[PDB]
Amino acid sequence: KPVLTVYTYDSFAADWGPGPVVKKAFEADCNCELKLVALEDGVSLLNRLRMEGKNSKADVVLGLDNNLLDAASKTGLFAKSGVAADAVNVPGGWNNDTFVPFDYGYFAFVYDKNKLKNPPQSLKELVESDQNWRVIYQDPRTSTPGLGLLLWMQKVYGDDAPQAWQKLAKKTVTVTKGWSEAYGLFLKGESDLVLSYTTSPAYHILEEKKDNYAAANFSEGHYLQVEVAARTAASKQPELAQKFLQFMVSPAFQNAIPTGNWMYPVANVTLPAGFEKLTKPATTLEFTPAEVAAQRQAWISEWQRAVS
């Protein structure tokens, strides 16, 4: 009967996402009405919450990630999770009293092997090659995968990011606010490549029995994303919010991540047959939450100037 409002992005709460599964699994156990609201894209979730303040109707924000931690905590809108750390297993480890991971992955450009014969083998080639590859990606101001690509490029080019961005802009068909639209245009054929995840091919393999889609493994390595959730300080249902966060890092939840969100679980659950066809990037790239919050505004400012 009591309601637990959870802000999240559209692909999570989608009928085909993990939402429906997690919902009934949480409600079937802990009596209450879990209300998953597909409100904004990853980065936008935070900006919207910062503007709702304590007037926000959210109890939990699901869908932020490792790159937004500093920005989120400095806001003061989140309370401690009350979730035991030992309940989580993530690459590079995880030590945080507020944000609880629920899955992780690696950003990568996906393409159709039946349509793209000689795909790029490094972010550098994709940007500098003379090939006229069509690319689509997300806005770093609204989408985590978008923010991911922004930081990925920063790792690879450093102070040369803007010049690299101008070159990438010439191969850019469009830029969407969220991943869903981006991926849809890709599947419709509007581009040769789209920024997505190393695990995206798994969706097509298991659900459509197709293995023609692939994520290009770049030699520079790939940027790591650890999605997280946290309860709000203004929540009027603290206890429930926290029972949801603990239940999140548990099997009933995690078991729906592989085929729901197409990402690697945070708990040692069994990965669906098919994931083994995927490529685990050797080298992993990541900025500290502090480094991103301190420079993301300037990097985004340079990005938009270079691609418009």
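Don't overthink the numbering: it's just position in the shown sequence, from 1.
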Segment of higher mean CA temperature factor, 290-298 or 5-13: 290-298
Average Cα temperature factor in the PDB entry - higher stretch of 146-154, 213-221: 213-221
Top residue by Cα temperature factor, when 94, 203, 107, 102 are compared in the entry: 94
Which of 44, 246, 67, 259 ranks first by CA B-factor in the deposited coordinates: 246
Record-listed C-alpha B factor of residue 174: chain third: lowest
Ranked C-alpha temperature factor of residue 251 among modelled chain residues, by third: highest
Position of residue 180 among the chain's modelled residues by C-alpha B-factor, lowest, middle or highest third: lowest
CA B-factor placement of residue 76, once the chain's modelled residues are sorted into thirds: middle
Third of chain Cα B-factors occupied by residue 273: highest
